[PDB]
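Undergrad: The following file, protein.pdb, comprises PDB, C-alpha atoms and all ligand atoms:
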ATOM      1  CA  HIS A   8      65.195 172.254 247.476  1.00  0.00           C
ATOM      2  CA  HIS A   9      67.384 174.924 249.238  1.00  0.00           C
ATOM      3  CA  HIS A  10      67.650 177.405 246.248  1.00  0.00           C
ATOM      4  CA  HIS A  11      65.494 180.146 247.952  1.00  0.00           C
ATOM      5  CA  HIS A  12      68.746 181.884 249.264  1.00  0.00           C
ATOM      6  CA  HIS A  13      69.853 182.635 245.595  1.00  0.00           C
ATOM      7  CA  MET A  14      66.637 184.739 245.312  1.00  0.00           C
ATOM      8  CA  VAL A  15      66.946 187.689 242.829  1.00  0.00           C
ATOM      9  CA  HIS A  16      64.532 190.673 242.372  1.00  0.00           C
ATOM     10  CA  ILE A  17      63.243 190.371 238.757  1.00  0.00           C
ATOM     11  CA  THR A  18      61.479 193.285 236.988  1.00  0.00           C
ATOM     12  CA  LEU A  19      59.893 193.265 233.497  1.00  0.00           C
ATOM     13  CA  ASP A  20      61.372 195.227 230.543  1.00  0.00           C
ATOM     14  CA  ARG A  21      58.447 197.242 228.918  1.00  0.00           C
ATOM     15  CA  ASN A  22      60.536 197.747 225.745  1.00  0.00           C
ATOM     16  CA  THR A  23      60.615 193.958 224.980  1.00  0.00           C
ATOM     17  CA  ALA A  24      56.838 193.462 225.554  1.00  0.00           C
ATOM     18  CA  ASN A  25      54.349 192.574 222.839  1.00  0.00           C
ATOM     19  CA  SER A  26      52.333 195.772 222.197  1.00  0.00           C
ATOM     20  CA  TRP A  27      49.117 194.283 223.742  1.00  0.00           C
ATOM     21  CA  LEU A  28      50.739 193.686 227.184  1.00  0.00           C
ATOM     22  CA  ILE A  29      50.141 195.891 230.242  1.00  0.00           C
ATOM     23  CA  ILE A  30      53.053 195.911 232.717  1.00  0.00           C
ATOM     24  CA  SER A  31      52.255 197.284 236.186  1.00  0.00           C
ATOM     25  CA  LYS A  32      53.952 200.492 237.524  1.00  0.00           C
ATOM     26  CA  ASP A  33      56.223 198.346 239.812  1.00  0.00           C
ATOM     27  CA  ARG A  34      57.276 196.233 236.737  1.00  0.00           C
ATOM     28  CA  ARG A  35      56.353 193.058 238.737  1.00  0.00           C
ATOM     29  CA  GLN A  36      53.021 192.083 236.976  1.00  0.00           C
ATOM     30  CA  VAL A  37      52.020 191.634 233.313  1.00  0.00           C
ATOM     31  CA  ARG A  38      48.651 190.863 231.700  1.00  0.00           C
ATOM     32  CA  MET A  39      47.089 190.726 228.205  1.00  0.00           C
ATOM     33  CA  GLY A  40      45.282 193.986 227.309  1.00  0.00           C
ATOM     34  CA  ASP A  41      41.982 193.959 225.351  1.00  0.00           C
ATOM     35  CA  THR A  42      43.683 196.056 222.552  1.00  0.00           C
ATOM     36  CA  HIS A  43      47.060 197.397 221.245  1.00  0.00           C
ATOM     37  CA  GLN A  44      48.480 199.480 224.235  1.00  0.00           C
ATOM     38  CA  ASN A  45      49.333 202.751 222.355  1.00  0.00           C
ATOM     39  CA  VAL A  46      53.160 202.181 222.283  1.00  0.00           C
ATOM     40  CA  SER A  47      55.576 202.621 219.338  1.00  0.00           C
ATOM     41  CA  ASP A  48      57.005 199.525 217.619  1.00  0.00           C
ATOM     42  CA  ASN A  49      60.714 198.642 218.121  1.00  0.00           C
ATOM     43  CA  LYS A  50      63.021 195.767 217.105  1.00  0.00           C
ATOM     44  CA  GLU A  51      63.008 194.311 220.714  1.00  0.00           C
ATOM     45  CA  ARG A  52      59.212 193.672 220.898  1.00  0.00           C
ATOM     46  CA  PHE A  53      57.924 190.083 220.488  1.00  0.00           C
ATOM     47  CA  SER A  54      55.545 190.532 217.478  1.00  0.00           C
ATOM     48  CA  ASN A  55      53.609 187.196 217.223  1.00  0.00           C
ATOM     49  CA  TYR A  56      52.997 186.175 220.858  1.00  0.00           C
ATOM     50  CA  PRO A  57      52.161 187.815 224.231  1.00  0.00           C
ATOM     51  CA  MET A  58      55.808 187.584 225.480  1.00  0.00           C
ATOM     52  CA  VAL A  59      58.073 189.893 227.535  1.00  0.00           C
ATOM     53  CA  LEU A  60      61.609 189.610 229.055  1.00  0.00           C
ATOM     54  CA  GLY A  61      62.944 190.477 232.493  1.00  0.00           C
ATOM     55  CA  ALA A  62      65.350 193.456 232.595  1.00  0.00           C
ATOM     56  CA  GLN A  63      68.060 191.427 234.405  1.00  0.00           C
ATOM     57  CA  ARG A  64      70.835 189.711 232.340  1.00  0.00           C
ATOM     58  CA  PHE A  65      72.709 186.716 233.891  1.00  0.00           C
ATOM     59  CA  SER A  66      76.113 185.432 232.597  1.00  0.00           C
ATOM     60  CA  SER A  67      77.307 183.661 235.834  1.00  0.00           C
ATOM     61  CA  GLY A  68      76.138 182.382 239.245  1.00  0.00           C
ATOM     62  CA  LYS A  69      73.011 180.869 240.717  1.00  0.00           C
ATOM     63  CA  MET A  70      69.664 182.730 240.453  1.00  0.00           C
ATOM     64  CA  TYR A  71      66.152 181.895 241.768  1.00  0.00           C
ATOM     65  CA  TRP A  72      62.771 183.631 241.333  1.00  0.00           C
ATOM     66  CA  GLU A  73      59.026 182.753 241.702  1.00  0.00           C
ATOM     67  CA  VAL A  74      56.037 183.501 239.432  1.00  0.00           C
ATOM     68  CA  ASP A  75      52.296 183.437 240.352  1.00  0.00           C
ATOM     69  CA  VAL A  76      50.133 181.701 237.681  1.00  0.00           C
ATOM     70  CA  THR A  77      46.833 181.559 239.712  1.00  0.00           C
ATOM     71  CA  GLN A  78      43.699 180.890 237.551  1.00  0.00           C
ATOM     72  CA  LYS A  79      45.526 181.026 234.172  1.00  0.00           C
ATOM     73  CA  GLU A  80      44.651 178.453 231.402  1.00  0.00           C
ATOM     74  CA  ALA A  81      47.835 179.021 229.370  1.00  0.00           C
ATOM     75  CA  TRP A  82      51.352 180.467 229.930  1.00  0.00           C
ATOM     76  CA  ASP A  83      55.066 179.846 229.183  1.00  0.00           C
ATOM     77  CA  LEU A  84      57.849 180.486 231.779  1.00  0.00           C
ATOM     78  CA  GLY A  85      61.601 180.105 232.007  1.00  0.00           C
ATOM     79  CA  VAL A  86      64.772 181.762 230.618  1.00  0.00           C
ATOM     80  CA  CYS A  87      66.106 182.577 227.182  1.00  0.00           C
ATOM     81  CA  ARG A  88      69.196 183.933 225.418  1.00  0.00           C
ATOM     82  CA  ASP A  89      69.290 187.751 225.136  1.00  0.00           C
ATOM     83  CA  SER A  90      69.646 187.189 221.323  1.00  0.00           C
ATOM     84  CA  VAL A  91      66.429 185.121 220.733  1.00  0.00           C
ATOM     85  CA  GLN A  92      64.401 185.980 217.603  1.00  0.00           C
ATOM     86  CA  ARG A  93      61.652 188.596 218.374  1.00  0.00           C
ATOM     87  CA  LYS A  94      59.700 188.749 215.035  1.00  0.00           C
ATOM     88  CA  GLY A  95      57.658 186.061 213.244  1.00  0.00           C
ATOM     89  CA  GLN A  96      56.811 182.462 214.168  1.00  0.00           C
ATOM     90  CA  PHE A  97      59.195 180.228 216.175  1.00  0.00           C
ATOM     91  CA  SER A  98      59.125 177.232 218.573  1.00  0.00           C
ATOM     92  CA  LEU A  99      60.289 177.373 222.218  1.00  0.00           C
ATOM     93  CA  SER A 100      63.301 174.979 222.218  1.00  0.00           C
ATOM     94  CA  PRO A 101      66.898 174.979 223.468  1.00  0.00           C
ATOM     95  CA  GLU A 102      68.002 175.006 219.769  1.00  0.00           C
ATOM     96  CA  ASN A 103      66.213 178.431 219.460  1.00  0.00           C
ATOM     97  CA  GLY A 104      67.668 179.699 222.792  1.00  0.00           C
ATOM     98  CA  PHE A 105      64.739 178.954 225.239  1.00  0.00           C
ATOM     99  CA  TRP A 106      64.594 176.795 228.446  1.00  0.00           C
ATOM    100  CA  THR A 107      60.881 176.831 229.313  1.00  0.00           C
ATOM    101  CA  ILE A 108      57.830 174.942 230.601  1.00  0.00           C
ATOM    102  CA  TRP A 109      54.188 175.685 229.842  1.00  0.00           C
ATOM    103  CA  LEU A 110      50.537 175.005 230.508  1.00  0.00           C
ATOM    104  CA  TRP A 111      48.344 174.434 227.407  1.00  0.00           C
ATOM    105  CA  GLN A 112      44.886 172.729 227.216  1.00  0.00           C
ATOM    106  CA  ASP A 113      45.039 171.220 230.707  1.00  0.00           C
ATOM    107  CA  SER A 114      48.520 169.630 230.202  1.00  0.00           C
ATOM    108  CA  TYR A 115      51.964 170.771 231.453  1.00  0.00           C
ATOM    109  CA  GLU A 116      54.974 170.282 229.103  1.00  0.00           C
ATOM    110  CA  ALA A 117      58.697 171.117 228.989  1.00  0.00           C
ATOM    111  CA  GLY A 118      59.882 173.031 225.894  1.00  0.00           C
ATOM    112  CA  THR A 119      62.242 170.333 224.559  1.00  0.00           C
ATOM    113  CA  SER A 120      62.153 169.421 220.819  1.00  0.00           C
ATOM    114  CA  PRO A 121      59.876 167.622 220.673  1.00  0.00           C
ATOM    115  CA  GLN A 122      58.053 168.648 223.873  1.00  0.00           C
ATOM    116  CA  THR A 123      58.108 166.459 227.021  1.00  0.00           C
ATOM    117  CA  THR A 124      54.992 165.579 229.106  1.00  0.00           C
ATOM    118  CA  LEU A 125      55.278 166.723 232.784  1.00  0.00           C
ATOM    119  CA  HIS A 126      53.696 164.741 235.663  1.00  0.00           C
ATOM    120  CA  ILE A 127      52.132 167.278 238.073  1.00  0.00           C
ATOM    121  CA  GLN A 128      49.620 165.870 240.667  1.00  0.00           C
ATOM    122  CA  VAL A 129      48.968 169.338 242.296  1.00  0.00           C
ATOM    123  CA  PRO A 130      48.253 172.124 239.705  1.00  0.00           C
ATOM    124  CA  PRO A 131      50.735 174.876 240.662  1.00  0.00           C
ATOM    125  CA  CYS A 132      49.601 178.412 241.679  1.00  0.00           C
ATOM    126  CA  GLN A 133      53.318 179.540 241.910  1.00  0.00           C
ATOM    127  CA  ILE A 134      56.413 178.253 239.989  1.00  0.00           C
ATOM    128  CA  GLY A 135      60.020 178.546 241.213  1.00  0.00           C
ATOM    129  CA  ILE A 136      62.753 178.890 238.533  1.00  0.00           C
ATOM    130  CA  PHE A 137      66.396 178.096 239.380  1.00  0.00           C
ATOM    131  CA  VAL A 138      69.336 178.782 237.014  1.00  0.00           C
ATOM    132  CA  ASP A 139      72.921 177.590 237.650  1.00  0.00           C
ATOM    133  CA  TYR A 140      74.866 179.274 234.810  1.00  0.00           C
ATOM    134  CA  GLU A 141      78.201 177.429 235.354  1.00  0.00           C
ATOM    135  CA  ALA A 142      76.528 173.979 235.767  1.00  0.00           C
ATOM    136  CA  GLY A 143      74.300 174.523 232.696  1.00  0.00           C
ATOM    137  CA  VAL A 144      71.048 173.798 234.672  1.00  0.00           C
ATOM    138  CA  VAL A 145      67.518 175.253 234.588  1.00  0.00           C
ATOM    139  CA  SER A 146      65.077 173.731 237.139  1.00  0.00           C
ATOM    140  CA  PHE A 147      61.358 174.341 237.823  1.00  0.00           C
ATOM    141  CA  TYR A 148      59.680 173.811 241.239  1.00  0.00           C
ATOM    142  CA  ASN A 149      55.989 173.527 242.298  1.00  0.00           C
ATOM    143  CA  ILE A 150      55.727 176.000 245.228  1.00  0.00           C
ATOM    144  CA  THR A 151      52.051 174.918 245.856  1.00  0.00           C
ATOM    145  CA  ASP A 152      53.324 171.291 246.439  1.00  0.00           C
ATOM    146  CA  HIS A 153      56.107 171.982 249.061  1.00  0.00           C
ATOM    147  CA  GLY A 154      58.652 172.903 246.331  1.00  0.00           C
ATOM    148  CA  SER A 155      58.460 169.526 244.495  1.00  0.00           C
ATOM    149  CA  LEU A 156      60.592 169.234 241.309  1.00  0.00           C
ATOM    150  CA  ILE A 157      58.721 169.722 238.020  1.00  0.00           C
ATOM    151  CA  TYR A 158      61.589 169.544 235.460  1.00  0.00           C
ATOM    152  CA  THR A 159      65.395 169.922 235.085  1.00  0.00           C
ATOM    153  CA  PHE A 160      67.122 170.920 231.825  1.00  0.00           C
ATOM    154  CA  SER A 161      70.755 169.831 232.196  1.00  0.00           C
ATOM    155  CA  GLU A 162      73.792 170.097 229.860  1.00  0.00           C
ATOM    156  CA  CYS A 163      72.306 173.464 228.745  1.00  0.00           C
ATOM    157  CA  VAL A 164      74.349 175.354 226.109  1.00  0.00           C
ATOM    158  CA  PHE A 165      73.300 178.952 227.032  1.00  0.00           C
ATOM    159  CA  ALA A 166      75.776 180.474 224.507  1.00  0.00           C
ATOM    160  CA  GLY A 167      75.153 184.042 225.824  1.00  0.00           C
ATOM    161  CA  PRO A 168      73.604 186.185 228.558  1.00  0.00           C
ATOM    162  CA  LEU A 169      70.248 184.856 229.856  1.00  0.00           C
ATOM    163  CA  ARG A 170      67.056 186.849 230.523  1.00  0.00           C
ATOM    164  CA  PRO A 171      63.930 185.776 232.475  1.00  0.00           C
ATOM    165  CA  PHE A 172      61.213 184.859 229.890  1.00  0.00           C
ATOM    166  CA  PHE A 173      57.380 185.153 230.202  1.00  0.00           C
ATOM    167  CA  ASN A 174      54.343 184.446 228.006  1.00  0.00           C
ATOM    168  CA  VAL A 175      50.919 185.434 229.512  1.00  0.00           C
ATOM    169  CA  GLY A 176      49.202 183.519 226.637  1.00  0.00           C
ATOM    170  CA  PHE A 177      46.243 184.516 224.438  1.00  0.00           C
ATOM    171  CA  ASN A 178      42.757 184.934 225.899  1.00  0.00           C
ATOM    172  CA  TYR A 179      40.474 183.616 223.087  1.00  0.00           C
ATOM    173  CA  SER A 180      38.423 181.711 225.764  1.00  0.00           C
ATOM    174  CA  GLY A 181      37.815 184.588 228.238  1.00  0.00           C
ATOM    175  CA  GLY A 182      39.302 182.320 230.939  1.00  0.00           C
ATOM    176  CA  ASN A 183      42.972 183.454 230.627  1.00  0.00           C
ATOM    177  CA  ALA A 184      42.912 187.208 231.512  1.00  0.00           C
ATOM    178  CA  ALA A 185      44.736 186.768 234.876  1.00  0.00           C
ATOM    179  CA  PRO A 186      48.268 188.266 235.142  1.00  0.00           C
ATOM    180  CA  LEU A 187      51.690 186.676 235.691  1.00  0.00           C
ATOM    181  CA  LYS A 188      53.102 188.198 238.929  1.00  0.00           C
ATOM    182  CA  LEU A 189      56.662 188.100 240.288  1.00  0.00           C
ATOM    183  CA  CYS A 190      56.236 186.928 243.948  1.00  0.00           C
ATOM    184  CA  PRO A 191      58.007 188.740 246.790  1.00  0.00           C
ATOM    185  CA  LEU A 192      61.143 187.234 248.436  1.00  0.00           C
TER
HETATM  186  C1  LIG A 201      50.110 189.465 216.206  1.00  0.00           C
HETATM  187  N1  LIG A 201      49.512 189.610 217.540  1.00  0.00           N
HETATM  188  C2  LIG A 201      50.355 189.629 218.735  1.00  0.00           C
HETATM  189  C3  LIG A 201      48.067 189.748 217.651  1.00  0.00           C
HETATM  190  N2  LIG A 201      47.273 190.261 216.732  1.00  0.00           N
HETATM  191  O1  LIG A 201      45.999 190.204 217.204  1.00  0.00           O
HETATM  192  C4  LIG A 201      46.016 189.655 218.379  1.00  0.00           C
HETATM  193  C5  LIG A 201      44.777 189.404 219.247  1.00  0.00           C
HETATM  194  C6  LIG A 201      44.300 188.022 218.982  1.00  0.00           C
HETATM  195  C7  LIG A 201      43.065 187.688 219.806  1.00  0.00           C
HETATM  196  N3  LIG A 201      43.198 188.008 221.264  1.00  0.00           N
HETATM  197  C8  LIG A 201      43.866 189.322 221.552  1.00  0.00           C
HETATM  198  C9  LIG A 201      45.100 189.546 220.701  1.00  0.00           C
HETATM  199  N4  LIG A 201      47.295 189.369 218.700  1.00  0.00           N
END
Output the file's structure in the form of structure tokens.
Ligand SMILES: CN(C)c1noc(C2CCNCC2)n1

TA:
Amino acid sequence: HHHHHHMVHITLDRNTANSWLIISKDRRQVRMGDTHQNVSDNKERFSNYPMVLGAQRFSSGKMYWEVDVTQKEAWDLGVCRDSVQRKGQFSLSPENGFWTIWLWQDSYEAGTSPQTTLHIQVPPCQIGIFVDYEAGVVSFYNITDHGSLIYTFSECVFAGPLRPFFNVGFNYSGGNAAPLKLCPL
């Protein structure tokens, strides 16, 4: 792909984070804390899952960013509507305003309804995410495997501003403490 030149500088929005997340001072890294992080509750925070949004809102154009997932067992990545539900249980699906992929129990899947099996020969250490707002496209690239395509959502009905979306995942196993990091341009 040749999407690298639409690179955007993404930062994380503390105020949207689940109350167990620790966002670095530069707002470029997030990890699961071992306890509630001593913050007040607010209506923006994801209550049920270890999720956080980027600060940037996109309503036009072409945007690209990269996320480091080294040594994690579980995570979700992509984009979502600014108006997604924050409280209670919900599924990651385009019907609920999410365009995502994930790793879960040694398999990669796209957040369609129902979910779609991905075919990845080289486990990725970094993921590239491309959004073309006007075309209605969200694509995912395997940076570890020379930028190979992982998945394309097409005919997307965004129906609002989009925000970068992140889930660091739970750490029941002790093998999923590693952070998500936004990679430099
Ligand atoms: C409702 N949420 C977000 C929540 N409550 O407890 C927990 C812990 C569950 C085991 N691992 C650390 C997090 N998460």

Undergrad: Can you translate the PyMOL selection byres (((not hetatm)) within 9 of (chain A and resi 201)) into the concrete residues it hits in this file, as a ChimeraX atom specification?

TA: /A:25-27,39-43,53-58,95,177-179

Undergrad: Quick one: which residues end up in the PyMOL selection byres (((chain A and resi 161-165) around 8) and not hetatm) for this structure, as a PyMOL selection string?

TA: chain A and resi 88+101+104+140+142-145+159-160+166-169

Undergrad: Which residue out of A:132, A:175, A:138, A:190 has the minimum interatomic distance to residue 64 of chain A when all atoms listed in the file are used?

TA: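 Ranking A:132, A:175, A:138, A:190 by distance to residue 64 of chain A, first place goes to A:138.
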
Undergrad: For segment 108-120 of chain A, find every residue with an atom within 8 Å (counting all atoms listed in the file), except residues of its own chain fewer than 2 positions away, and show them as a compact mmCIF listing (two decimals) with C-alpha atoms, keeping the file's coordinate frame.

TA:
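Wrote part10.txt, looks like this:
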# COMPACT_ATOMS: atom_id res chain seq x y z
CA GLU A 80 44.65 178.45 231.40
CA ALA A 81 47.84 179.02 229.37
CA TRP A 82 51.35 180.47 229.93
CA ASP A 83 55.07 179.85 229.18
CA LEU A 84 57.85 180.49 231.78
CA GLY A 85 61.60 180.10 232.01
CA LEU A 99 60.29 177.37 222.22
CA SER A 100 63.30 174.98 222.22
CA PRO A 101 66.90 174.98 223.47
CA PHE A 105 64.74 178.95 225.24
CA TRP A 106 64.59 176.80 228.45
CA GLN A 122 58.05 168.65 223.87
CA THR A 123 58.11 166.46 227.02
CA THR A 124 54.99 165.58 229.11
CA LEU A 125 55.28 166.72 232.78
CA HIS A 126 53.70 164.74 235.66
CA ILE A 127 52.13 167.28 238.07
CA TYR A 158 61.59 169.54 235.46

Undergrad: What would the selection look like, as a PyMOL selection string, if the PyMOL selection byres (((chain A and resi 17) around 12) and not hetatm) were run on the coordinates I just shared?

TA: chain A and resi 14-16+18-20+33-36+60-65+70-74+86+136+170-173+188-192

Undergrad: Pull C-alpha atoms from the residues just selected and write them as a compact mmCIF listing (two decimals), keeping the file's coordinate frame.

TA:
# COMPACT_ATOMS: atom_id res chain seq x y z
CA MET A 14 66.64 184.74 245.31
CA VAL A 15 66.95 187.69 242.83
CA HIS A 16 64.53 190.67 242.37
CA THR A 18 61.48 193.28 236.99
CA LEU A 19 59.89 193.26 233.50
CA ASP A 20 61.37 195.23 230.54
CA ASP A 33 56.22 198.35 239.81
CA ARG A 34 57.28 196.23 236.74
CA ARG A 35 56.35 193.06 238.74
CA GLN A 36 53.02 192.08 236.98
CA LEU A 60 61.61 189.61 229.06
CA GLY A 61 62.94 190.48 232.49
CA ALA A 62 65.35 193.46 232.60
CA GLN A 63 68.06 191.43 234.40
CA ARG A 64 70.83 189.71 232.34
CA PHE A 65 72.71 186.72 233.89
CA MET A 70 69.66 182.73 240.45
CA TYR A 71 66.15 181.90 241.77
CA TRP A 72 62.77 183.63 241.33
CA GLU A 73 59.03 182.75 241.70
CA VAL A 74 56.04 183.50 239.43
CA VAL A 86 64.77 181.76 230.62
CA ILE A 136 62.75 178.89 238.53
CA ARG A 170 67.06 186.85 230.52
CA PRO A 171 63.93 185.78 232.48
CA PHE A 172 61.21 184.86 229.89
CA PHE A 173 57.38 185.15 230.20
CA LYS A 188 53.10 188.20 238.93
CA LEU A 189 56.66 188.10 240.29
CA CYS A 190 56.24 186.93 243.95
CA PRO A 191 58.01 188.74 246.79
CA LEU A 192 61.14 187.23 248.44

Undergrad: At a cut-off of 6 Å, using only C-alpha atoms, what residues contact residue 148 of chain A? Leave out same-chain residues fewer than 2 positions from it and give the result as a PDB file with C-alpha atoms, keeping the file's coordinate frame.

TA:
ATOM      1  CA  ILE A 134      56.413 178.253 239.989  1.00  0.00           C
ATOM      2  CA  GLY A 135      60.020 178.546 241.213  1.00  0.00           C
ATOM      3  CA  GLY A 154      58.652 172.903 246.331  1.00  0.00           C
ATOM      4  CA  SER A 155      58.460 169.526 244.495  1.00  0.00           C
ATOM      5  CA  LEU A 156      60.592 169.234 241.309  1.00  0.00           C
ATOM      6  CA  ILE A 157      58.721 169.722 238.020  1.00  0.00           C
TER       7      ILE A 157
END

Undergrad: Would you mind telling me which residue in A:51, A:183, A:30, A:137 lies nearest to residue 9 of chain A when using all atoms listed in the file?

TA: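 Smallest distance to residue 9 of chain A is found for A:137.
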
Undergrad: Would you mind reading off the distance between atom CA of residue 87 of chain A and atom CA of residue 24 of chain A, one decimal, in Å?

TA: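 If I compute the distance from atom CA of residue 87 of chain A to atom CA of residue 24 of chain A, I get 14.4 Å.
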
Undergrad: Draw an axis-aligned box over all listed atoms of segment 35-48 of chain A, pad each side with 4 Å, and write its centre and edge lengths in Å, one decimal, as lines of an AutoDock Vina configuration file.

TA:
center_x = 49.5
center_y = 196.7
center_z = 228.2
size_x = 23.0
size_y = 20.0
size_z = 29.1

Undergrad: Which value, in Å to one decimal, gives the distance between atom CA of residue 133 of chain A and atom CA of residue 76 of chain A?

TA: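 Between atom CA of residue 133 of chain A and atom CA of residue 76 of chain A the gap is 5.7 Å.
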
Undergrad: Between atom CA of residue 21 of chain A and atom CA of residue 94 of chain A, what is the distance in Å, rounded to a tenth?

TA: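 Result for atom CA of residue 21 of chain A versus atom CA of residue 94 of chain A: 16.3 Å, one decimal.
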
Undergrad: Name the closest residue to residue 78 of chain A among the candidates A:12, A:146, A:130, A:151; distances are taken between atoms, counting only C-alpha atoms.

TA: A:130

Undergrad: Taking into account only C-alpha atoms, which residue in the set A:67, A:44, A:49, A:180 is nearest to residue 139 of chain A?

TA: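 So, comparing all the options, the nearest one is A:67.
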
Undergrad: Would you mind telling me which residue in A:98, A:149, A:131, A:37 lies nearest to residue 174 of chain A when using all atoms listed in the file?

TA: A:37

Undergrad: With only C-alpha atoms as the basis for distance, which of A:50, A:69, A:93, A:38 is at the shortest distance from residue 176 of chain A?

TA: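 Of A:50, A:69, A:93, A:38, the one nearest residue 176 of chain A, counting only C-alpha atoms, is A:38.
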
Undergrad: Can I get segment 145-160 of chain A with N, CA and C atoms filled in, as a PDB file, in the frame of the given file?

TA:
ATOM      1  N   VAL A 145      68.749 174.466 234.313  1.00  0.00           N
ATOM      2  CA  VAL A 145      67.518 175.253 234.588  1.00  0.00           C
ATOM      3  C   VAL A 145      66.488 174.305 235.220  1.00  0.00           C
ATOM      4  N   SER A 146      66.056 174.588 236.434  1.00  0.00           N
ATOM      5  CA  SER A 146      65.077 173.731 237.139  1.00  0.00           C
ATOM      6  C   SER A 146      63.814 174.514 237.491  1.00  0.00           C
ATOM      7  N   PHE A 147      62.699 173.798 237.538  1.00  0.00           N
ATOM      8  CA  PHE A 147      61.358 174.341 237.823  1.00  0.00           C
ATOM      9  C   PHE A 147      60.770 173.584 239.012  1.00  0.00           C
ATOM     10  N   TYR A 148      60.196 174.339 239.945  1.00  0.00           N
ATOM     11  CA  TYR A 148      59.680 173.811 241.239  1.00  0.00           C
ATOM     12  C   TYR A 148      58.214 174.205 241.427  1.00  0.00           C
ATOM     13  N   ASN A 149      57.438 173.308 242.033  1.00  0.00           N
ATOM     14  CA  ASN A 149      55.989 173.527 242.298  1.00  0.00           C
ATOM     15  C   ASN A 149      55.847 174.078 243.717  1.00  0.00           C
ATOM     16  N   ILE A 150      55.692 175.376 243.886  1.00  0.00           N
ATOM     17  CA  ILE A 150      55.727 176.000 245.228  1.00  0.00           C
ATOM     18  C   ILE A 150      54.459 175.546 245.971  1.00  0.00           C
ATOM     19  N   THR A 151      53.360 175.358 245.252  1.00  0.00           N
ATOM     20  CA  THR A 151      52.051 174.918 245.856  1.00  0.00           C
ATOM     21  C   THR A 151      52.193 173.527 246.486  1.00  0.00           C
ATOM     22  N   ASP A 152      53.077 172.686 245.957  1.00  0.00           N
ATOM     23  CA  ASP A 152      53.324 171.291 246.439  1.00  0.00           C
ATOM     24  C   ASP A 152      54.678 171.189 247.155  1.00  0.00           C
ATOM     25  N   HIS A 153      54.928 172.045 248.156  1.00  0.00           N
ATOM     26  CA  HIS A 153      56.107 171.982 249.061  1.00  0.00           C
ATOM     27  C   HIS A 153      57.400 172.048 248.228  1.00  0.00           C
ATOM     28  N   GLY A 154      57.385 172.692 247.061  1.00  0.00           N
ATOM     29  CA  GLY A 154      58.652 172.903 246.331  1.00  0.00           C
ATOM     30  C   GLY A 154      59.051 171.700 245.502  1.00  0.00           C
ATOM     31  N   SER A 155      58.127 170.795 245.198  1.00  0.00           N
ATOM     32  CA  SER A 155      58.460 169.526 244.495  1.00  0.00           C
ATOM     33  C   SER A 155      59.052 169.813 243.111  1.00  0.00           C
ATOM     34  N   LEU A 156      59.973 168.990 242.642  1.00  0.00           N
ATOM     35  CA  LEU A 156      60.592 169.234 241.309  1.00  0.00           C
ATOM     36  C   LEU A 156      59.573 168.987 240.211  1.00  0.00           C
ATOM     37  N   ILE A 157      59.531 169.902 239.238  1.00  0.00           N
ATOM     38  CA  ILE A 157      58.721 169.722 238.020  1.00  0.00           C
ATOM     39  C   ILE A 157      59.604 169.214 236.879  1.00  0.00           C
ATOM     40  N   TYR A 158      60.737 169.888 236.623  1.00  0.00           N
ATOM     41  CA  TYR A 158      61.589 169.544 235.460  1.00  0.00           C
ATOM     42  C   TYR A 158      62.975 170.162 235.647  1.00  0.00           C
ATOM     43  N   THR A 159      63.992 169.450 235.160  1.00  0.00           N
ATOM     44  CA  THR A 159      65.395 169.922 235.085  1.00  0.00           C
ATOM     45  C   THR A 159      65.892 169.766 233.655  1.00  0.00           C
ATOM     46  N   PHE A 160      66.256 170.898 233.024  1.00  0.00           N
ATOM     47  CA  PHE A 160      67.122 170.920 231.825  1.00  0.00           C
ATOM     48  C   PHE A 160      68.574 170.888 232.299  1.00  0.00           C
TER      49      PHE A 160
END
